[PDB]
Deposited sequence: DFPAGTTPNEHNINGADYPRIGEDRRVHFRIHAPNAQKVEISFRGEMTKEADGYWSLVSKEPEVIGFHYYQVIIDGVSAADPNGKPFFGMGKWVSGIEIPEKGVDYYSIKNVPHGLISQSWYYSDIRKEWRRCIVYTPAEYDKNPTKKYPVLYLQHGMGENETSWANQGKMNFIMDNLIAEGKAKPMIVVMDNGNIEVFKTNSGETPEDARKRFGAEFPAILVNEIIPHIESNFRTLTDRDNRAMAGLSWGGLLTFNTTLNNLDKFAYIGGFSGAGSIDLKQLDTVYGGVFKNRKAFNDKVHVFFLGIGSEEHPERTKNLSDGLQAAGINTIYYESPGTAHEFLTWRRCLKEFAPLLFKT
């Protein structure tokens, strides 16, 4: 039937045999479009017209491991693949290719206790609208009815929304596996909408004045700064820097995944209103200051920032994801590196 060495893409709907992934990491696309003049796949050019009204396309070169957004393009009109499950990225609902990694399973479903992923609604006076956040509770949450948990606030990038970390980021299985293996503390994770679907400038006030009170009123949480963390990817990492460094009374852990605020080391003593000027005071308040980056997305700026902070006396953790770029596998790996560091003082 199918080309040798291929399996259906993980994110196909049930019953969809294409697209398929080869063991050489080439992707095989196939679509029935007898009346179309031209069909393309995003970032891959034109498909080849086949007999019986079909079009086909196989990657010219092996694709990079990990998760990639795509759309089908019919005579210039881009749309989600009808054979695909939906992912919110690039500002709309699109499709996703998954190229598997050999010998890796930390974001896979395993026979371990699984936490819930929950939608929770709250009203924002700042934006005068109802809003939904996505909340991970650990598998043990309901079995420990008197226990309170620390909270990580986890933010997406440009063109994404509050669903992206739990869907293409696979964060619930990453947390499930880390907690089951004893590597991370049981924790609540809250994912909200930066409103940057396409500058998010309202989000810090929404998070501090609306989201945090909502979560603490409706989930069993520890509410002191030593039990509150924040991390974000891409533009969400800049939101995290701006939110945390201006609210150190509420956050003791900071993570930027391919993101980060602009810190000019020449201005280290004055940026963010002088928060870094007394080095040990800052280090005593922020237990984890994490900078992650992909090796293939020009890590030099991030590494120079980390090395320069360290040389000047501000502690950091630098993590470089080998072989990935500005893509979700980078951020899956960042979470896997960052979450085990939290809430262990």
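Asks: Show which contiguous pieces of the deposited sequence have no C-alpha coordinates, counting from residue 1.
Replies: Just one stretch lacks coordinates - namely 199-213.
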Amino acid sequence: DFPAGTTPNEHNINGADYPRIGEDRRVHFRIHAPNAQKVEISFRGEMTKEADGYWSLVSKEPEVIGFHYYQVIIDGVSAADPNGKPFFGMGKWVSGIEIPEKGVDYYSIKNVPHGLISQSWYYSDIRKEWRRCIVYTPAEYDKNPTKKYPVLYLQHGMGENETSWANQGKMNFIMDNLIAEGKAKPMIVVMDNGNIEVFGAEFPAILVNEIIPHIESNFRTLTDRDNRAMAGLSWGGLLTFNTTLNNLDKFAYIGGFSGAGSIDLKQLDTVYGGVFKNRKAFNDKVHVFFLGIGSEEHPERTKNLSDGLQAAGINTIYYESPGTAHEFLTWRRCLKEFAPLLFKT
From here on, numbers count along this sequence of modelled residues.
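Asks: Mean Cα B factor from the PDB record: higher for 164-172, or higher for 266-274?
Replies: Per the PDB entry, the higher value belongs to 266-274.
Asks: Tell me which stretch has the larger mean Cα B-factor in this entry, 123-131 or 185-193.
Replies: Result of the comparison: 123-131.
Asks: Which of these, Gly159, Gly261, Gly255, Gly115, has its C-alpha atom at the highest B-factor, as the entry lists it?
Replies: Of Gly159, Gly261, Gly255, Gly115, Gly261 has the highest C-alpha B-factor.
Asks: Test of reading the entry: by CA B factor among the chain's modelled residues, which third contains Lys38?
Replies: CA B-factor rank for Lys38: highest third.
Asks: Once the chain's modelled residues are ordered by C-alpha B factor and cut into thirds, is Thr243 in the lowest, middle or highest one?
Replies: CA B-factor rank for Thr243: middle third.
Asks: Select lowest, middle or highest to describe the third in which the CA B-factor of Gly292 falls within its chain in this entry.
Replies: It falls in the bottom third of the chain.
Asks: What third of its chain's C-alpha B-factors does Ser234 belong to: lowest, middle or highest?
Replies: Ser234: CA B-factor falls in the lowest third of its chain.
Asks: Ranking every modelled residue in this chain by its Cα temperature factor as given in the entry, which third contains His68?
Replies: Lowest third, going by the recorded CA B-factors of the chain.
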